[PDB]
Structures are given as structure tokens and as C-alpha cells.
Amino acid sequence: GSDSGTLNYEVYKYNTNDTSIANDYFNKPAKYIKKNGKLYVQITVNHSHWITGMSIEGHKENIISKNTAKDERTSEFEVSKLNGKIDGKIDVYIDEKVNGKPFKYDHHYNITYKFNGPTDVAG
């Protein structure tokens, strides 16, 4: 195997096998890195300015890069596995026009990640 690379994943509605409304805001694929004996994923979101916070498996995002022009950011999370489901949280805050009409949105959600990374890279 390889201790770094890309991995496919999907974001599911919490504790279901259904695609989350959140899923479109997550760029695919992510990357993974194994370092200091631990496993990490590096996930890029779009509409970054709408997503005020993220955590996975109880760990808050560590923002490693931002692209202000594309309204994207890349966040690193420690994970217990590269293949399988891990619950996470996302905070969303929107206050701007949608189709010309003011829209406001302020929610904190649970989500379930399904990671489809390699099975031969252990912690």
C-alpha cells in the first residue's frame, strides 16, 4: 500500500445510507495521509464561507489551506480508519440573496461520512 494518496467518499444523512444535502458541498476525491502513526483525511469543501465549522469523530477541523477565489477550503481531520463510516458534524450559516431574495440559514447538523479509501493502510 501507500501511506498517502486520494480517496473517494460520500456524505450521508446521519445514520442512513442516503446521500446528504451536504454532499454536493464536499469536493471529491479527498486525500489521506498516514503520519506519526496516525491516519488523516484532507477534505476540500466548496461554498466554504457558508460552512462555519466541521468536526469528524469528535475532532474539529484543522484548516490547512484556503482558496478565497473559488470559495473553497481544505481541512485535515484525524480519523480511526480510511475505509468505513464515521459520524461528524457541520455548522452552516448563510445570509445572502438566493434568486434575488434574501435567504437566512443557521444550523448545526450531524452527518455520516462513508470513506472508501485503501484497506491496507493501518494506524
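We number the residues from 1 along the sequence you see.
With respect to the recorded C-alpha B factors, which stretch has the higher mean value, 63-71 or 83-91?
Taking the mean B-factor of the alpha carbons in each, 63-71 is higher.
Lowest, middle or highest third - CA B-factor, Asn23:
Ranked within chain, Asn23 CA B lands in the lowest tercile.
Divide the modelled residues of the chain into thirds by Cα B-factor and specify which third, lowest, middle or highest, holds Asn15.
Middle third, going by the recorded CA B-factors of the chain.
Ranking every modelled residue in this chain by its Cα temperature factor as given in the entry, which third contains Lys97?
Middle third, going by the recorded CA B-factors of the chain.
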